[PDB]
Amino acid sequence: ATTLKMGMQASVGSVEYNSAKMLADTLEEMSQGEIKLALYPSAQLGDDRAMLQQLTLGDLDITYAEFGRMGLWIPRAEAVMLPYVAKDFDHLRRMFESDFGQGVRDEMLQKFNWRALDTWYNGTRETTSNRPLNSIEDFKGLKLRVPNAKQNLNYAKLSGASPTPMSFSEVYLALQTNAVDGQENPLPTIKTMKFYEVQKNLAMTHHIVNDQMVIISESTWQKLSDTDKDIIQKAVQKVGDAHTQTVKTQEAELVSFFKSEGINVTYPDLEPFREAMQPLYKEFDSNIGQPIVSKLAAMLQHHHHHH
């Protein structure tokens, strides 16, 4: 009997939690009850940084972490979270699977005892506002609320908007009174926070593409049998396929929902946004001493291929 422990920030009822339960059920089935998964939701074991440390120490078996979040530990990995580098999740997954991604994953394993098993799509951030954003030119004068995060700030600044720091629980009222003109977040968050009640427009800016890696402690991995390793890897990939499709499906449902609420949904040309980020890309590559971002942004050879 092997009961793995999996920690996550997400709450019961969330997509992330539902996928973890699907993983538990899939492991049970595939192992005829030999592999179990116990779930520790709602950051009860700490935030992602804390749970990742538990993996390093061998005290927790599995957790979620974003590929770009590895930039905190492995500086070059931040390249994947610069705005507009990843065109979409497929592109991000290609980065994960590339020689670049393999190198980052090897370092995660060697230094921190993190074995990345898979990357799962977890949504794309989009931009709401009190006036239509038909193109990058419309960002001029836009008081755009972003979280206190470097890359979100760069998105706001380089698009030509006026970045406007502000506490998340205050945003609804700031949008309502036009103290701030817009904000940027994933579609489910926009729904949950009812930002659509106080924002007449939504722009499909696709500026930040999110994922979640599934990481297992190398301490745990090395105790598993060869066959159990394969079962876990394949269980994670199966659940990953389901998770990614669920997130994609829910995003399309959310766009339709917002339209049904009377929201004006725009699809601005994104090439000018990518062009506007070039200062940032060149700075990143210059500082790190390798053409990391330019290579990743252009890594489109297998884009949308069936593998």
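Residue indices: 1-based, along the sequence shown.
Of 170 to 178 and 94 to 102, which one has the bigger average CA B-factor? Comparing 94 to 102 with 170 to 178, the higher average CA B-factor belongs to 170 to 178.
So 278 to 286 or 63 to 71, which one's hotter by mean CA B-factor in the entry? Result of the comparison: 278 to 286.
Out of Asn130, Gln151, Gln183, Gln110, whose C-alpha atom has the biggest B factor in the entry? Highest CA B-factor of the listed options: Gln151.
Mind checking which third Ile35 falls in for C-alpha B-factor across the chain? For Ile35, the deposited C-alpha B-factor lands in the highest third.
Split into thirds by Cα B-factor across the chain's modelled residues, where does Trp221 land: lowest, middle or highest? Tercile = highest for this residue's CA B-factor.
Pull the Cα B-factor of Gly262 out of the PDB entry and bin it into the chain's lowest, middle or highest third. Middle third by C-alpha B-factor.
C-alpha B factor of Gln199, ranked within the chain: lowest, middle or highest third? Middle third - that is where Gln199 ends up once the chain's C-alpha B-factors are sorted.
Going by the recorded CA B-factors, say which third of the chain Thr227 sits in, lowest, middle or highest. It belongs to the highest third of the chain when residues are ordered by C-alpha B-factor.
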